[PDB]
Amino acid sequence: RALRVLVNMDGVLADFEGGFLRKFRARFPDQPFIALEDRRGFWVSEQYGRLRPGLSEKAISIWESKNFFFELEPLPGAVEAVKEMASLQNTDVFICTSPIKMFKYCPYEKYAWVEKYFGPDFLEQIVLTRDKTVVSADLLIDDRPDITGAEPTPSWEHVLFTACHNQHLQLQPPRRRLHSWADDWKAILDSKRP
């Protein structure tokens, strides 16, 4: 009976794109890179591998490194918005996030990051999964255009969170965006309430 909202972590709460670019340039100063304006498509590794041989593996090495996830900066407005959202009557918020294959640091640091920005009690709201379609809710706010998995008819409406890699994408109606946390997220939530 409470509206349930899944909020994606990387590219929505945490600035994966910015953190990755900064750390890639610092580690690999002699390699070419993709400026954020020129990012296209969800997969960083795939765009970097097209740029040249061996860059896909070098990109992956950034996010496999210790401290990568933990040191991501929150996207503007994200912490404030999600705190407000969670505090709303008849509204339950979960943070829904996919870990990488290499599991040494990523799960741990994601829990640490949520504690850092939202406090210990918000840890109970984390769902770590590679398949978001088996998580049920009214809304999923997520920067990845193509969200698929084991469930062919997910219960949520996917609202596309704007990111550098998707900002030029024309969606099929009635697919809808949340343009940033400065955009009117309350209106989107209210549109799904009884």
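Numbers follow the displayed sequence, beginning with 1.
When the C-alpha B-factors of 153 to 161 and 42 to 50 are averaged, 42 to 50 comes out higher. Looking at 121 to 129 and 51 to 59 together, the entry lists the larger mean B-factor for 51 to 59, computed on C-alpha atoms. Split the chain's modelled residues into thirds by C-alpha temperature factor. Residue 19 is in the middle one. Residue 116: CA B factor in the middle third of modelled residues in this chain (values from the PDB entry). When the modelled residues of the chain are ordered by C-alpha B-factor, residue 7 sits in the lowest third. In this PDB entry, the Cα temperature factor of residue 101 sits in the top third of its chain's modelled residues, the highest group. In the PDB entry, residue 88 places in the highest third of its chain by CA B-factor.
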